[PDB]
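When a residue number appears, it is its place in the shown sequence, counting from 1.
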Amino acid sequence: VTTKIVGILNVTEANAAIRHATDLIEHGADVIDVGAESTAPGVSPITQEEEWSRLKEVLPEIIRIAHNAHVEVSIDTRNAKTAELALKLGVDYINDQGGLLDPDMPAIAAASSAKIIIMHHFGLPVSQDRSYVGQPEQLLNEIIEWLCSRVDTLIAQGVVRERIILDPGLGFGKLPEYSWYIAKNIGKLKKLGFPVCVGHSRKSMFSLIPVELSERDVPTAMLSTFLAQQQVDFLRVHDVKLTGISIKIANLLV
Ligand SMILES: Nc1nc2ncc(COP(=O)(O)O)nc2c(=O)[nH]1
Ligand code: NA
């Protein structure tokens with residue numbers, strides 16, 4: 001099971017971010033995903049310029065410390081300019097949570113040879129007015145078509161096919177029942193032949209198993225084990241130690 005641990009580093013103090021990145025490295029992260037725009041339901045969006053001013057103080061040291069430890073760095077942004085600036089600093093992935101919502105994102109990814117995650121959503125920020133209703137199978141078919149259209153855009157604009165990673169965006173306009181349905185059927189997304197990233201960690205989908213937000217890391221790890229068994233290529237998680245345990249258990253079940 002080649003599943004990589006993508007440790008979440010939210011910077012929404014610079015010194016505290018460096019300490020968190022260091023702890024994520026020491027507990028076994030394969031990638032540090034650095035993000036400065038909270039996408040939580042009540043959050044109003046910040047500008048790309050404000051986003052970058054939060055990142056530019058921490059990203060050089062995080063990149064140095066991670067690369068020194070042979071850990072990669074991902075930039076979690078919907079803005080092509082932020083991805084471009086982060087790429088100049090040396091990050092390894094664009095985690096394009098907007099899924100080419102910025103029309104300049106393909107040019108940035110292609111001109112940088114970076115790996116790119118594109119994540120499905122019903123618009124950002126999330127809204128209860130923009131939420132899927134209907135048959136769960138049809139939702140999965142829609143997510144696949146939405147992602148495939150964006151894959152085509154990237155390849156046409158010069159992004160190599162091997163560098164594209166697909167993420168269904170659990171929770172983004174997806175009520176808990178639908179997010180579990182997608183996770184359970186993640187193999188159908190995997191059958192497209194692209195690496196898959198899943199971001200289930202602490203998500204409101206766990207409200208369905210009455211587990212409140214503060215206690216969700218252990219339930220997250222239970223699902224992490226299942227996702228690792230399905231050969232999901234990247235898990236975007238808060239607790240890197242527990243996720244390492246989940247992947248080792250999946251390996252022992254092969
Ligand atoms: N690729 C990807 N990126 C993401 N970025 C942010 C969040 C929001 O979750 P957080 O508030 O816990 O960071 N979820 C995802 C996700 O599921 N996939
Ligand atoms: Na590296």
Side-chain angles (χ1 to χ4, degrees), residues 6 8-12 33-42 45-55 59 73-88 91-127 129-132 139-144 146-161 163-175 178-179 182 189 192 194-200 203-204 234 236:
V6 180
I8 295 166
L9 179 45
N10 179 293
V11 299
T12 78
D33 185 51
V34 188
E37 193 172 14
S38 162
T39 187
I46 59 174
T47 66
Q48 184 278 329
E49 290 87 356
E50 292 161 355
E51 178 192 36
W52 184 243
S53 74
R54 296 170 176 189
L55 296 162
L59 208 50
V73 181
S74 178
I75 177 60
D76 184 348
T77 180
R78 78 185 72 163
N79 297 312
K81 184 49 84 154
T82 288
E84 175 182 38
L85 287 177
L87 285 165
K88 282 164 185 171
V91 303
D92 303 279
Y93 302 78
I94 308 172
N95 174 16
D96 178 14
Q97 185 193 154
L100 315 187
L101 178 61
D102 191 327
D104 289 328
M105 195 65 87
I108 290 316
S112 72
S113 65
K115 304 173 253 201
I116 174 156
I117 307 163
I118 49 174
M119 191 200 74
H120 180 278
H121 60 80
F122 293 95
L124 303 173
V126 305
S127 178
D129 187 45
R130 294 182 266 97
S131 181
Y132 178 85
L139 169 67
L140 187 44
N141 289 340
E142 287 183 12
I143 290 168
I144 284 166
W146 188 102
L147 289 168
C148 284
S149 157
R150 277 135 177 98
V151 169
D152 288 336
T153 298
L154 292 168
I155 296 178
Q157 294 202 44
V159 174
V160 158
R161 188 193 188 277
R163 289 169 181 155
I164 298 169
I165 304 156
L166 305 182
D167 183 328
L170 302 191
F172 286 85
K174 302 175 185 74
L175 290 174
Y178 295 111
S179 288
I182 297 303
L189 185 56
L192 285 180
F194 295 85
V196 168
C197 176
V198 172
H200 60 302
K203 291 257 168 88
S204 65
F234 299 88
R236 186 182 178 275

Item checked: Exam field: side chain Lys203 to backbone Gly199, donor-acceptor pair closer than 3.5 Å -> yes

Between [X] and [Y], which heavy-atom pair has the shortest distance, and what is it?
{"X": "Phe172", "Y": "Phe122", "value": "O-CD1, 3.2 Å"}
{"X": "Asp102", "Y": "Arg78", "value": "CB-O, 3.4 Å"}
{"X": "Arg130", "Y": "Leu124", "value": "NH1-N, 4.2 Å"}
{"X": "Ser38", "Y": "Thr12", "value": "N-CG2, 3.4 Å"}

Below 4.5 Å, heavy atoms only, C-beta onward: do [X] and [Y] meet side chain to side chain?
{"X": "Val151", "Y": "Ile118", "result": "yes"}
{"X": "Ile117", "Y": "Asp96", "result": "no"}
{"X": "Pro168", "Y": "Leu189", "result": "yes"}
{"X": "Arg236", "Y": "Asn95", "result": "yes"}

Checklist line | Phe234: ring-ring contact (aromatic ring centres under 6.0 Å, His included) partners, not counting sequence neighbours | finding: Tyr93

Next item on the list: Sequence neighbours left out, what passes ring-ring contact (aromatic ring centres under 6.0 Å, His included) with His121? Give chain and number order.
Entry: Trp146

Margin query: Looking at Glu50 and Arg54, is any side-chain nitrogen of the basic one under 4.0 Å from a carboxylate oxygen of the acidic one?
Written below: no

Note to self: Determine whether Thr77 and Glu51 satisfy the following criterion, side-chain hydrogen bond (donor to acceptor under 3.5 Å, both in side chains), listing intermediate values before the conclusion.
What the structure shows: CA-CA 9 Å; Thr77 180; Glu51 178 192 36; 2.8 Å; yes

Next item on the list: Report the distance from atom CG of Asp33 to atom CG of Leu9, rounding to the nearest 0.5 Å.
Entry: 8.5 Å

Margin query: Can you pull out every salt bridge (charged side-chain N to carboxylate O under 4.0 Å, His left out) where at least one residue sits in residues 163-173? Sequence neighbours excluded, please.
Written below: none

